[PDB]
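S.K.: this one is an experimental structure. Sequence first:
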Amino acid sequence: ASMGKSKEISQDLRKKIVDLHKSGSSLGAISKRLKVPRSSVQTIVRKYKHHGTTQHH
(Lines give C-alpha, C1' and ligand atoms only; values in the text may rest on other atoms or scores of the structure.)
Protein backbone atom coordinates (compact mmCIF):
# COMPACT_ATOMS: atom_id res chain seq x y z
CA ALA A 1 0.00 0.00 0.00
CA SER A 2 0.97 3.64 0.14
CA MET A 3 1.13 6.34 2.77
CA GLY A 4 -0.48 9.74 2.94
CA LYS A 5 -2.70 10.91 5.74
CA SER A 6 -4.50 14.19 5.30
CA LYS A 7 -7.85 15.79 6.00
CA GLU A 8 -10.00 18.41 4.31
CA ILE A 9 -12.99 19.43 6.40
CA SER A 10 -13.83 18.73 10.04
CA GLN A 11 -16.04 15.65 9.75
CA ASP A 12 -17.02 16.17 13.39
CA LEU A 13 -18.24 19.70 12.76
CA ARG A 14 -20.22 18.55 9.71
CA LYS A 15 -22.03 15.80 11.62
CA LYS A 16 -22.37 17.90 14.75
CA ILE A 17 -23.91 20.96 13.08
CA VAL A 18 -26.47 18.73 11.35
CA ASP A 19 -27.28 16.65 14.43
CA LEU A 20 -27.68 19.77 16.57
CA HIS A 21 -30.08 21.20 13.97
CA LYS A 22 -32.34 18.28 14.73
CA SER A 23 -32.09 19.18 18.41
CA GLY A 24 -32.90 22.86 17.90
CA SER A 25 -32.75 23.97 21.54
CA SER A 26 -29.03 23.17 21.65
CA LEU A 27 -28.14 25.05 18.47
CA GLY A 28 -27.33 28.23 20.37
CA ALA A 29 -24.90 26.22 22.49
CA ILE A 30 -22.58 25.16 19.67
CA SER A 31 -23.10 28.52 17.98
CA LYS A 32 -21.92 30.11 21.20
CA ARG A 33 -18.68 28.19 21.43
CA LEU A 34 -17.74 27.80 17.75
CA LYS A 35 -19.98 30.65 16.49
CA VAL A 36 -20.58 29.12 13.07
CA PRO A 37 -20.95 31.86 10.38
CA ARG A 38 -24.17 32.14 8.35
CA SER A 39 -22.42 31.17 5.14
CA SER A 40 -21.19 27.95 6.73
CA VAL A 41 -24.54 26.95 8.22
CA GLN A 42 -26.46 27.92 5.05
CA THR A 43 -24.16 25.79 2.90
CA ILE A 44 -24.32 22.71 5.14
CA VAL A 45 -28.13 22.82 5.39
CA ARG A 46 -28.25 22.56 1.61
CA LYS A 47 -26.14 19.42 1.70
CA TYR A 48 -28.12 17.93 4.55
CA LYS A 49 -31.45 18.62 2.84
CA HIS A 50 -29.95 17.20 -0.37
CA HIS A 51 -28.65 14.02 1.30
CA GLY A 52 -31.95 13.78 3.12
CA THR A 53 -33.37 12.64 -0.16
CA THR A 54 -31.68 9.40 -1.28
CA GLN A 55 -28.46 9.62 0.74
CA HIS A 56 -25.84 8.00 -1.46
CA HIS A 57 -23.13 6.11 0.38
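M.R.: Cool, got the structure. Numbers count the residues shown, from 1 in each chain.

S.K.: can you show me the helices along this protein?
M.R.: 11-23, 27-33, 38-52 (DSSP state H).

S.K.: from the chain's centre, how far out does the last one sit?
M.R.: This points to helix 38-52. 8 Å (Cα atoms, centre = their mean, to the nearest Å).

S.K.: which strands and helices sit next to that helix?
M.R.: For helix 38-52, the elements it packs on are helix 11-23, judged by 3 or more Cβ pairs under 8 Å, 6 or more residues apart in numbering; DSSP states H and E. Where C-beta positions appear, they are placed from N, C-alpha and C, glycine not excepted.

S.K.: try the first one
M.R.: Counting by 3+ Cβ pairs under 8 Å, 6+ apart, the packing neighbours recorded for helix 11-23 are helix 27-33, helix 38-52.

S.K.: could you dump these to CSV with mean neighbour count and distance to residue 16?
M.R.: Below are the helices and strands packed on helix 11-23 laid out as CSV (neighbours: other Cβ atoms under 10 Å; distance: least, Cβ to Cβ, whole Å):
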stretch, mean neighbour count, distance to residue 16
helix 27-33, 12, 7
helix 38-52, 11, 10
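
S.K.: what about residue 17, neighbour count?
M.R.: Residue 17 has 20 neighbours, counted by other Cβ atoms under 10 Å.

S.K.: so who does residue 17 touch?
M.R.: 30, 36, 40-41, 44 (Cβ atoms under 8 Å, 6 or more residues apart in numbering).

S.K.: try it again with 6 Å
M.R.: When contacts are counted by Cβ atoms under 6 Å, 6 or more residues apart in numbering, residue 17 is found next to residue 44.

S.K.: stretch 6-22: which residues count as buried?
M.R.: 17, 20 (16 or more other Cβ atoms under 10 Å).
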